[PDB]
Amino acid sequence: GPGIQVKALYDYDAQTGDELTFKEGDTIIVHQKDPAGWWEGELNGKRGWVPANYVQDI
Amino acid sequence: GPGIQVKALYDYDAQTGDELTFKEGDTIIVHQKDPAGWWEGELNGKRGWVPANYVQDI
Amino acid sequence: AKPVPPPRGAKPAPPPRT
């Protein structure tokens, strides 16, 4: 489908452009597992970067 | 550049995952002043959290 | 002679964006 579902393991508050803010327990769709530690995710009508170490594949 | 320089005002010994250990007088690069009291810093080849109240912008 | 560290979020540092 649109990508894999992951769960946020920790809160993250976006620090730079195009990062997602999320809370522990959010389900994020990971569209791409890009190299460099930040993945293309989507949450709550926003697409943006998610730190890959903050999420667990579910 | 990579962030702002701060001086450690006090010694801090890392207690949890991904915290930096440093000594008073260490110069730390703060990459991000994240909300929640712990900043993303870098010292001596390690990136990790720095307690924001331990450092003074220089 | 130092302040107490702020409460922790129990989380890893984000990977470098740079």
# chains A, B, ... in the order shown; residues from 1 in each chain; ligands from 1
call {"tool": "interface_residues", "arguments": {"of": "chain A", "to": "chain B", "cutoff": "10 Å", "atoms": "only C-alpha atoms", "output": "PyMOL selection string"}}
result
chain A and resi 12-16
call {"tool": "select_by_dssp", "arguments": {"residues": "chain B", "states": "strand (DSSP E or B)", "output": "PDB file with C-alpha atoms, in the first residue's frame"}}
result
ATOM      1  CA  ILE B   4      26.450  27.127  18.743  1.00  0.00           C
ATOM      2  CA  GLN B   5      29.344  26.708  21.124  1.00  0.00           C
ATOM      3  CA  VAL B   6      28.601  26.380  24.790  1.00  0.00           C
ATOM      4  CA  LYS B   7      30.820  25.896  27.792  1.00  0.00           C
ATOM      5  CA  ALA B   8      29.978  23.298  30.382  1.00  0.00           C
ATOM      6  CA  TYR B  12      28.118  15.842  34.080  1.00  0.00           C
ATOM      7  CA  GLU B  19      23.789  11.391  27.012  1.00  0.00           C
ATOM      8  CA  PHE B  22      31.590  16.169  30.053  1.00  0.00           C
ATOM      9  CA  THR B  27      33.225  23.246  24.894  1.00  0.00           C
ATOM     10  CA  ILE B  28      30.181  21.517  23.476  1.00  0.00           C
ATOM     11  CA  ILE B  29      28.597  22.105  20.111  1.00  0.00           C
ATOM     12  CA  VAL B  30      24.854  22.388  20.479  1.00  0.00           C
ATOM     13  CA  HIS B  31      23.231  21.215  17.279  1.00  0.00           C
ATOM     14  CA  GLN B  32      19.665  21.725  18.475  1.00  0.00           C
ATOM     15  CA  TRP B  38      18.067  18.205  26.914  1.00  0.00           C
ATOM     16  CA  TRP B  39      19.825  19.542  23.889  1.00  0.00           C
ATOM     17  CA  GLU B  40      21.437  17.682  21.050  1.00  0.00           C
ATOM     18  CA  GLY B  41      25.118  18.285  21.582  1.00  0.00           C
ATOM     19  CA  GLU B  42      28.432  16.993  20.416  1.00  0.00           C
ATOM     20  CA  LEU B  43      31.708  16.543  22.243  1.00  0.00           C
ATOM     21  CA  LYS B  46      30.087  11.669  20.382  1.00  0.00           C
ATOM     22  CA  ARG B  47      26.694  13.104  19.675  1.00  0.00           C
ATOM     23  CA  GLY B  48      24.180  12.991  22.464  1.00  0.00           C
ATOM     24  CA  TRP B  49      21.988  14.785  24.912  1.00  0.00           C
ATOM     25  CA  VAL B  50      23.306  17.600  27.088  1.00  0.00           C
ATOM     26  CA  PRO B  51      21.321  19.005  30.007  1.00  0.00           C
ATOM     27  CA  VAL B  55      25.921  24.960  29.723  1.00  0.00           C
ATOM     28  CA  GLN B  56      26.479  28.628  29.008  1.00  0.00           C
ATOM     29  CA  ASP B  57      26.466  30.027  25.489  1.00  0.00           C
TER      30      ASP B  57
END
call {"tool": "closest_atom_pairs", "arguments": {"of": "chain C", "to": "chain A", "cutoff": "7 Å", "atoms": "only C-alpha atoms", "output": "CSV"}}
result
residue,atom,partner,partner_atom,distance
C:11,CA,A:10,CA,6.3
C:14,CA,A:51,CA,5.9
C:15,CA,A:37,CA,5.5
call {"tool": "calpha_fit_and_write", "arguments": {"fixed": "chain A", "moving": "chain B", "output": "compact mmCIF listing (two decimals) with C-alpha atoms, in the first residue's frame"}}
result
# COMPACT_ATOMS: atom_id res chain seq x y z
CA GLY B 1 0.21 0.08 0.00
CA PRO B 2 1.39 3.61 0.87
CA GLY B 3 4.17 2.25 3.05
CA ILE B 4 4.75 0.46 6.31
CA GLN B 5 3.18 1.33 9.63
CA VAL B 6 5.44 2.18 12.50
CA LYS B 7 4.75 3.18 16.07
CA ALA B 8 6.55 6.11 17.60
CA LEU B 9 8.46 4.83 20.60
CA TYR B 10 9.12 8.35 21.87
CA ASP B 11 7.82 11.88 21.54
CA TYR B 12 9.59 13.96 18.95
CA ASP B 13 9.15 17.69 18.35
CA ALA B 14 10.17 18.84 14.89
CA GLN B 15 13.37 20.91 14.98
CA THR B 16 14.04 21.67 11.32
CA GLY B 17 12.28 22.02 8.01
CA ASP B 18 9.83 19.32 7.06
CA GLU B 19 10.23 17.15 10.12
CA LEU B 20 7.17 15.62 11.69
CA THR B 21 6.17 16.18 15.26
CA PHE B 22 4.72 13.16 16.95
CA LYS B 23 4.07 11.54 20.27
CA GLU B 24 4.86 8.15 21.65
CA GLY B 25 2.14 5.82 20.44
CA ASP B 26 1.52 7.66 17.16
CA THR B 27 1.23 5.45 14.15
CA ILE B 28 3.28 6.84 11.30
CA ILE B 29 3.25 5.70 7.72
CA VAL B 30 6.79 5.35 6.44
CA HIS B 31 6.80 5.97 2.72
CA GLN B 32 10.55 5.52 2.30
CA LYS B 33 13.35 4.27 4.51
CA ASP B 34 15.81 6.78 3.11
CA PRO B 35 19.48 6.49 3.89
CA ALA B 36 20.82 8.95 6.42
CA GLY B 37 18.66 8.24 9.49
CA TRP B 38 15.56 10.20 8.55
CA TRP B 39 12.70 8.49 6.84
CA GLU B 40 9.95 9.96 4.75
CA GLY B 41 6.89 9.57 6.92
CA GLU B 42 3.36 10.79 7.15
CA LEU B 43 1.20 11.63 10.13
CA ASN B 44 -1.94 13.72 10.64
CA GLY B 45 -2.01 15.15 7.13
CA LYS B 46 1.68 16.11 7.04
CA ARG B 47 4.47 14.46 5.15
CA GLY B 48 7.94 14.90 6.50
CA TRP B 49 11.04 13.42 7.98
CA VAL B 50 10.91 11.01 10.91
CA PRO B 51 14.02 9.99 12.84
CA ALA B 52 14.33 6.29 12.09
CA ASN B 53 15.51 5.34 15.57
CA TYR B 54 12.29 6.72 17.06
CA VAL B 55 9.96 4.22 15.49
CA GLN B 56 9.27 0.51 15.65
CA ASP B 57 7.79 -1.40 12.74
CA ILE B 58 4.39 -2.79 13.76
call {"tool": "decode", "arguments": {"residues": "range 9-45 of chain A", "atoms": "N, CA and C atoms", "output": "PDB file, in the first residue's frame"}}
result
ATOM      1  N   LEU A   9       8.115   5.393  19.220  1.00  0.00           N
ATOM      2  CA  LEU A   9       8.524   4.904  20.528  1.00  0.00           C
ATOM      3  C   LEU A   9       8.726   6.039  21.517  1.00  0.00           C
ATOM      4  N   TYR A  10       8.925   7.252  21.008  1.00  0.00           N
ATOM      5  CA  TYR A  10       9.175   8.418  21.844  1.00  0.00           C
ATOM      6  C   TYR A  10       8.528   9.623  21.209  1.00  0.00           C
ATOM      7  N   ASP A  11       8.299  10.650  22.010  1.00  0.00           N
ATOM      8  CA  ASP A  11       7.880  11.945  21.515  1.00  0.00           C
ATOM      9  C   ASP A  11       9.019  12.547  20.740  1.00  0.00           C
ATOM     10  N   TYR A  12       8.680  13.221  19.661  1.00  0.00           N
ATOM     11  CA  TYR A  12       9.648  14.010  18.952  1.00  0.00           C
ATOM     12  C   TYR A  12       8.998  15.316  18.518  1.00  0.00           C
ATOM     13  N   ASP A  13       9.663  16.424  18.818  1.00  0.00           N
ATOM     14  CA  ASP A  13       9.200  17.734  18.407  1.00  0.00           C
ATOM     15  C   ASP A  13      10.098  18.191  17.280  1.00  0.00           C
ATOM     16  N   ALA A  14       9.501  18.455  16.127  1.00  0.00           N
ATOM     17  CA  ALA A  14      10.246  18.881  14.946  1.00  0.00           C
ATOM     18  C   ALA A  14      11.180  20.037  15.274  1.00  0.00           C
ATOM     19  N   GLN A  15      12.436  19.903  14.868  1.00  0.00           N
ATOM     20  CA  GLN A  15      13.454  20.926  15.091  1.00  0.00           C
ATOM     21  C   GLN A  15      13.817  21.703  13.847  1.00  0.00           C
ATOM     22  N   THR A  16      13.627  21.101  12.682  1.00  0.00           N
ATOM     23  CA  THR A  16      14.003  21.752  11.439  1.00  0.00           C
ATOM     24  C   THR A  16      12.864  21.631  10.455  1.00  0.00           C
ATOM     25  N   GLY A  17      13.112  22.114   9.243  1.00  0.00           N
ATOM     26  CA  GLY A  17      12.148  22.082   8.169  1.00  0.00           C
ATOM     27  C   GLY A  17      11.727  20.677   7.818  1.00  0.00           C
ATOM     28  N   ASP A  18      10.420  20.503   7.723  1.00  0.00           N
ATOM     29  CA  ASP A  18       9.837  19.296   7.167  1.00  0.00           C
ATOM     30  C   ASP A  18      10.035  18.074   8.018  1.00  0.00           C
ATOM     31  N   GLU A  19      10.338  18.242   9.294  1.00  0.00           N
ATOM     32  CA  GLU A  19      10.278  17.130  10.221  1.00  0.00           C
ATOM     33  C   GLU A  19       8.873  17.031  10.765  1.00  0.00           C
ATOM     34  N   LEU A  20       8.436  15.814  11.046  1.00  0.00           N
ATOM     35  CA  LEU A  20       7.164  15.605  11.706  1.00  0.00           C
ATOM     36  C   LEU A  20       7.351  15.755  13.191  1.00  0.00           C
ATOM     37  N   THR A  21       6.336  16.300  13.829  1.00  0.00           N
ATOM     38  CA  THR A  21       6.197  16.228  15.256  1.00  0.00           C
ATOM     39  C   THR A  21       5.270  15.073  15.529  1.00  0.00           C
ATOM     40  N   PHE A  22       5.603  14.295  16.540  1.00  0.00           N
ATOM     41  CA  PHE A  22       4.759  13.194  16.926  1.00  0.00           C
ATOM     42  C   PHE A  22       4.958  12.859  18.370  1.00  0.00           C
ATOM     43  N   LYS A  23       4.059  12.034  18.865  1.00  0.00           N
ATOM     44  CA  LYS A  23       4.105  11.596  20.231  1.00  0.00           C
ATOM     45  C   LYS A  23       4.267  10.100  20.270  1.00  0.00           C
ATOM     46  N   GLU A  24       4.827   9.628  21.362  1.00  0.00           N
ATOM     47  CA  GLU A  24       4.900   8.213  21.608  1.00  0.00           C
ATOM     48  C   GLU A  24       3.510   7.638  21.386  1.00  0.00           C
ATOM     49  N   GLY A  25       3.448   6.564  20.614  1.00  0.00           N
ATOM     50  CA  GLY A  25       2.196   5.892  20.342  1.00  0.00           C
ATOM     51  C   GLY A  25       1.569   6.268  19.020  1.00  0.00           C
ATOM     52  N   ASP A  26       2.034   7.346  18.401  1.00  0.00           N
ATOM     53  CA  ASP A  26       1.541   7.702  17.081  1.00  0.00           C
ATOM     54  C   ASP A  26       1.881   6.612  16.086  1.00  0.00           C
ATOM     55  N   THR A  27       0.962   6.353  15.173  1.00  0.00           N
ATOM     56  CA  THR A  27       1.214   5.466  14.072  1.00  0.00           C
ATOM     57  C   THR A  27       1.576   6.342  12.900  1.00  0.00           C
ATOM     58  N   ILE A  28       2.754   6.095  12.344  1.00  0.00           N
ATOM     59  CA  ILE A  28       3.278   6.863  11.239  1.00  0.00           C
ATOM     60  C   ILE A  28       3.380   5.932  10.051  1.00  0.00           C
ATOM     61  N   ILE A  29       2.987   6.417   8.884  1.00  0.00           N
ATOM     62  CA  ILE A  29       3.206   5.660   7.672  1.00  0.00           C
ATOM     63  C   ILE A  29       4.576   6.046   7.174  1.00  0.00           C
ATOM     64  N   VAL A  30       5.435   5.055   6.994  1.00  0.00           N
ATOM     65  CA  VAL A  30       6.750   5.289   6.429  1.00  0.00           C
ATOM     66  C   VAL A  30       6.680   4.970   4.960  1.00  0.00           C
ATOM     67  N   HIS A  31       6.745   6.020   4.162  1.00  0.00           N
ATOM     68  CA  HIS A  31       6.742   5.898   2.721  1.00  0.00           C
ATOM     69  C   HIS A  31       8.068   5.378   2.196  1.00  0.00           C
ATOM     70  N   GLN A  32       9.171   5.861   2.759  1.00  0.00           N
ATOM     71  CA  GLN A  32      10.504   5.445   2.330  1.00  0.00           C
ATOM     72  C   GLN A  32      11.441   5.386   3.512  1.00  0.00           C
ATOM     73  N   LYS A  33      12.282   4.358   3.544  1.00  0.00           N
ATOM     74  CA  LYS A  33      13.330   4.234   4.544  1.00  0.00           C
ATOM     75  C   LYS A  33      14.634   4.769   3.970  1.00  0.00           C
ATOM     76  N   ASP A  34      14.686   6.085   3.819  1.00  0.00           N
ATOM     77  CA  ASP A  34      15.805   6.757   3.177  1.00  0.00           C
ATOM     78  C   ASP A  34      17.079   6.544   3.958  1.00  0.00           C
ATOM     79  N   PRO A  35      18.217   6.489   3.279  1.00  0.00           N
ATOM     80  CA  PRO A  35      19.481   6.480   3.999  1.00  0.00           C
ATOM     81  C   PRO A  35      19.667   7.815   4.696  1.00  0.00           C
ATOM     82  N   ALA A  36      20.407   7.789   5.790  1.00  0.00           N
ATOM     83  CA  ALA A  36      20.841   8.967   6.527  1.00  0.00           C
ATOM     84  C   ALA A  36      20.076   9.205   7.836  1.00  0.00           C
ATOM     85  N   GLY A  37      19.265   8.236   8.253  1.00  0.00           N
ATOM     86  CA  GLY A  37      18.682   8.228   9.582  1.00  0.00           C
ATOM     87  C   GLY A  37      17.326   8.887   9.705  1.00  0.00           C
ATOM     88  N   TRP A  38      16.864   9.509   8.632  1.00  0.00           N
ATOM     89  CA  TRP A  38      15.579  10.185   8.623  1.00  0.00           C
ATOM     90  C   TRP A  38      14.772   9.604   7.490  1.00  0.00           C
ATOM     91  N   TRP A  39      13.580   9.143   7.815  1.00  0.00           N
ATOM     92  CA  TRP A  39      12.717   8.471   6.865  1.00  0.00           C
ATOM     93  C   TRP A  39      11.566   9.365   6.456  1.00  0.00           C
ATOM     94  N   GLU A  40      11.048   9.135   5.264  1.00  0.00           N
ATOM     95  CA  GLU A  40       9.908   9.892   4.791  1.00  0.00           C
ATOM     96  C   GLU A  40       8.667   9.274   5.376  1.00  0.00           C
ATOM     97  N   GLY A  41       8.040  10.004   6.282  1.00  0.00           N
ATOM     98  CA  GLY A  41       6.850   9.523   6.947  1.00  0.00           C
ATOM     99  C   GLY A  41       5.675  10.428   6.729  1.00  0.00           C
ATOM    100  N   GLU A  42       4.542   9.979   7.219  1.00  0.00           N
ATOM    101  CA  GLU A  42       3.329  10.754   7.124  1.00  0.00           C
ATOM    102  C   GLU A  42       2.508  10.531   8.371  1.00  0.00           C
ATOM    103  N   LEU A  43       2.007  11.631   8.915  1.00  0.00           N
ATOM    104  CA  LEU A  43       1.176  11.601  10.098  1.00  0.00           C
ATOM    105  C   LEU A  43       0.273  12.826  10.095  1.00  0.00           C
ATOM    106  N   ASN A  44      -1.012  12.605  10.347  1.00  0.00           N
ATOM    107  CA  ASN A  44      -1.969  13.690  10.588  1.00  0.00           C
ATOM    108  C   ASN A  44      -1.997  14.727   9.474  1.00  0.00           C
ATOM    109  N   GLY A  45      -1.953  14.239   8.242  1.00  0.00           N
ATOM    110  CA  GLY A  45      -2.031  15.089   7.066  1.00  0.00           C
ATOM    111  C   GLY A  45      -0.759  15.836   6.713  1.00  0.00           C
TER     112      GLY A  45
END
